[PDB]
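Colleague:
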Amino acid sequence: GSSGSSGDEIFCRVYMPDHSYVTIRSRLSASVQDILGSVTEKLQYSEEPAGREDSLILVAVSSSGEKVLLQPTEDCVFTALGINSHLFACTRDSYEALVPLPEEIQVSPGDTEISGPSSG
Numbered sequence: 100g101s102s103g104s105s106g107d108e109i110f111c112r113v114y115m116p117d118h119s120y121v122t123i124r125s126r127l128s129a130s131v132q133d134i135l136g137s138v139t140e141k142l143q144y145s146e147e148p149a150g151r152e153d154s155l156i157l158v159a160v161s162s163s164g165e166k167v168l169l170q171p172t173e174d175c176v177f178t179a180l181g182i183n184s185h186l187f188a189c190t191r192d193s194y195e196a197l198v199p200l201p202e203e204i205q206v207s208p209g210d211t212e213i214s215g216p217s218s219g
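The sequence shown begins at 100 in our numbering and counts up by one.
#1: Using only alpha-carbon positions, find the residue among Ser161, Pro199, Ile204 and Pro171 that is nearest to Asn183.
#2: If you draw a straight line from the C-alpha of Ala196 to the C-alpha of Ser101, how long is it?
#3: For the beta strand (DSSP E) containing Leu186, name the first residue and the last one.
#4: Determine the contact status of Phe177 and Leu127, defining contact as a CB-CB distance below 8 angstroms.
#5: Just the C-alpha distance for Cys189 and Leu168, rounded to the nearest angstrom, thanks.
#6: Candidates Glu212, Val198, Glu152 and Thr139: which alpha carbon is nearest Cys111's?
#7: Check each candidate in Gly103, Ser125, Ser104 and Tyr114 and name the one with the smallest Cα separation from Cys175.
#8: According to DSSP, simplified to helix, strand and coil, what is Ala149?
#9: Starting from the Cα of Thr172, find the closest Cα among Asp133, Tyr144, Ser119 and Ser217 and give me that residue.
#10: Can you find a CB in chain B that lies within less than 8 angstroms of the CB of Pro199?
#11: Opposite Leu157 in the DSSP bridges: which residues?
#12: If you follow the beta strand (DSSP E) that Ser125 is part of, which residue opens it and which one closes it?
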């Protein structure tokens with residue numbers, strides 16, 4: 100038997116439009132669809148890979164508002180995504196409703212950014 104050797108697996112996080120991401124374990128060779136399916140599972144719907152959905156599209160949002168509608172036919176996502184970037188999975192009419200996460204010393208992708216005493 101064996102567990103692994105190198106281990107490239109990572110934990111993708113799909114930031115919600117209401118500010119509430121999840122922790123999903125994915126590989127560095129997955130796809131938007133793959134993740135979606137995974138995240139979708141995290142979403143309160145059911146114990147299935149398809150707990151009823153109304154078309155969910157991924158989108159990369161950075162600390163600025165730079166949205167980049169991704170595709171289900173991607174290759175290197177986890178990598179493509181910069182540092183201060185967050186993935187958002189929502190409908191097409193919600194894509195805009197999407198908002199870029201803040202910039203604090205809290206739950207974030209970058210972390211240890213030590214912005215400064217600049218509240219606002």
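C-beta: ideal position from N, C-alpha, C; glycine also.
Modeller: In this structure, then:
#1: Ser161
#2: About 45 angstroms.
#3: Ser184 to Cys189
#4: Yes, the Cβ-Cβ distance between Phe177 and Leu127 is below 8 angstroms.
#5: For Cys189 and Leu168, the distance between alpha carbons rounds to 11 angstroms.
#6: Ranked by Cα distance from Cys111, the options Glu212, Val198, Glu152 and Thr139 are led by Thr139.
#7: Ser125
#8: coil
#9: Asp133
#10: Absent from the structure: chain B. Only one protein chain is present.
#11: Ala188
#12: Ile123 to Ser125
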